[PDB]
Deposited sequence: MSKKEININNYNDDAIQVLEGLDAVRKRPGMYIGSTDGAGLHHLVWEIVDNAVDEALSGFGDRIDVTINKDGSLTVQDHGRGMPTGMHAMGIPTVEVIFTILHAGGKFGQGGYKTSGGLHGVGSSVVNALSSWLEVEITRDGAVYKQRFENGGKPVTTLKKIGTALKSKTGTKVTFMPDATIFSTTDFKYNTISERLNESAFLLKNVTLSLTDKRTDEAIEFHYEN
């Protein structure tokens, strides 16, 4: 298996996300949401919150275990490896989203600590995974916020109705997990939850 850096994604986006139109833009949302959904399917976290921010960025927050906060090789955080190397690694498409974003932030909460790493300009880390604060030991989760790269996509406008429909469908497949969407541009909001 040949590993590659994020440049490879930026030079052939359609190979990873299908296109660079609205469909491809929204593929970025699906990749991050799917990470949260996979974690919930494994039994960790009962709500997944999606927010379309006023600045055009998008946030997905889960309440799962939190990504591992330890080191890979050479003092490089596991989180950094997941977000900057691909074949995406270990079952997530986070690296593809990072590659196609002008910036991305990942915040992890677990073990009484809050950690954050920031990437810019197609996934170049501008910080390490830094402890930024504390939380109760019972608090766990992962939050990812990204700004899609306007130099790549023909549209960077997230569509509320498109996201709403997909999250509704995901809530129906998952069961017993609340999927929420909030649009800070318009104040629109909706939640989905299907019991079984």
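- In sequence order, the gaps in C-alpha coverage of the deposited chain fall at 1-16, 104-117.
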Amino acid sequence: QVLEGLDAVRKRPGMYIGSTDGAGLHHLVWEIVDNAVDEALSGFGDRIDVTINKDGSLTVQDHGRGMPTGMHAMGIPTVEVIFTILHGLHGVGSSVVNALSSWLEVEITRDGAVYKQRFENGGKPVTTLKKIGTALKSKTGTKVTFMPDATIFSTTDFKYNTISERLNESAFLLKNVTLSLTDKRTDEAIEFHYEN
From here on, numbers count along this sequence of modelled residues.
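- Among other deposited entries of this protein with both flanking residues present, at least a third omit coordinates for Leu89.
- Higher mean CA temperature factor, per the PDB entry, when comparing 25-33 with 66-74: 66-74.
- Look at the C-alpha B-factors of 48-56 and of 148-156. On average they run higher in 148-156.
- For the set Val92, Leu104, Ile108, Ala99, the PDB entry assigns the largest Cα B-factor to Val92.
- Ranked within its chain, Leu86 lands in the highest third, by CA B factor from the PDB record.
- Among the modelled residues of its chain, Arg166 has a C-alpha B-factor that falls in the middle third according to the deposited record.
- The PDB entry assigns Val2 a C-alpha temperature factor belonging to the highest third of its chain's modelled residues.
- Among all modelled residues in its chain, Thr178 ranks in the lowest third by Cα B-factor.
- In this PDB entry, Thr128 carries a Cα temperature factor that places it within the middle third of its chain's modelled residues.
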